[PDB]
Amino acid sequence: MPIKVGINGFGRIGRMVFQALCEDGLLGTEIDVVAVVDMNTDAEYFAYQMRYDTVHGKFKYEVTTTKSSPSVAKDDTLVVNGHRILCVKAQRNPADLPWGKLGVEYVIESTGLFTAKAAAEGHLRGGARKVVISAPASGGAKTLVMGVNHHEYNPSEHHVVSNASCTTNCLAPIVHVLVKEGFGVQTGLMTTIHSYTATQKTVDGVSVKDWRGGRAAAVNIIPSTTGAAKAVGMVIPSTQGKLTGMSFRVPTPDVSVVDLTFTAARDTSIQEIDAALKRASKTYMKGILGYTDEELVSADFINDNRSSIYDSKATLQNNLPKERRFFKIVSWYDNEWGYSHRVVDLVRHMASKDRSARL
């Protein structure tokens, strides 16, 4: 029996989460995507959105539409290689969602609207058992980063969890290696050079909570505060209060880069750090941390499924000769694609643990 999954919110992440599932052959074997929800039930429009993607190209699998019953006016069901997905109408309140009627057990919460634990807990009243919030959460939801602290998931305690942010998923693997291998981090500040996102504006618009963020996205460099570096504190508790950073939002539609500057806890060298990151990526961080030693630019990381892709040449070439403590590490991430894979990874991990906890 496949894991019965519902996706609440069918946008960049919702759809990329679905692409990941499909491409890795999980659909209908490991995971059953029972339903997807967005603004309407117009399956033809959902199919169009899945089929064509400015950044990630044409969806390579056929998407067709059909009716759940003849009593329905328009197609409300997606069909992907025989797999049927009901398109359900959005709700203001998660507890009204028919998860129980649908047999959905795991909900991927990707609207951006229910990041408060109490809000997301709505899904549990609707019949679901577990919720993965595809973003930082508030209200004490356990935060899990695949490859860093995901084994801290506890089936009997953790029902609404957060998969953190794409940025935290790039940074945390790096910091994890530094901490685990005994380099340590005394202090660190991160800058992410970040592609614009759905929240931004095409031309100067209205943004009362984020004045800079209201300015035209694809013509400016736009600074922002970010919780990503501080969030590593919750995932790697020893780093609590030692890390913060900021974002510069720049005119690319996808792919971002972390520029971490930090002080190590012991004498080391960039060469030693470089060697450790490469080893980690070949071993205990495989599939999470990758690396390159080629002359790559942002377009070259499109569709990379790793959380963090360490840039060896950028890092080795741009550090201080002979330096023992104060270093810069550069790492890339396809902010849509790697993160979406991590959501799927996390659901799979949770289901495995839930199964085990039964007996």
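We call the rigid core whatever largest set of C-alpha positions still superposes within 1.5 Å between the two forms. We number the residues from 1 along the sequence you see.
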(request) Overlaying the structures in 4 other deposited structures of this protein on the rigid core, point out which of 91 to 99 and 263 to 271 has the bigger RMS C-alpha shift. (result) 91 to 99
(request) Please pick 296 to 304 or 35 to 43, whichever has its Cα atoms farther from the shown form in 4 other deposited structures of this protein after a rigid core fit. (result) 35 to 43
(request) Taking the mean of the C-alpha B-factors per stretch from the entry, tell me the winner out of 61 to 69 and 299 to 307. (result) 61 to 69
(request) Quick one: say whether 277 to 285 or 203 to 211 has the higher mean Cα B-factor in the deposited entry. (result) 203 to 211
(request) Determine which member of 163, 191, 167, 226 has the highest CA B-factor, using the values in the deposited entry. (result) 226
(request) Tell me, please, which of 175, 141, 257, 217 has the highest C-alpha B factor according to the deposited entry? (result) 141
(message) Ranking every modelled residue in this chain by its Cα temperature factor as given in the entry, which third contains residue 345?
(response) lowest
(request) Name the third of the chain's ranked CA B-factors that contains residue 293, choosing lowest, middle or highest. (result) middle
(message) Using only modelled residues of the chain, where does the Cα B factor of residue 39 rank: lowest third, middle third or highest third?
(response) highest
(message) Please place residue 145 in the lowest, middle or highest third of its chain according to the CA B-factor in the PDB entry.
(response) lowest
(message) Quick check on the deposited entry: does the C-alpha B-factor of residue 197 sit in the lowest, middle or highest third of its chain?
(response) middle
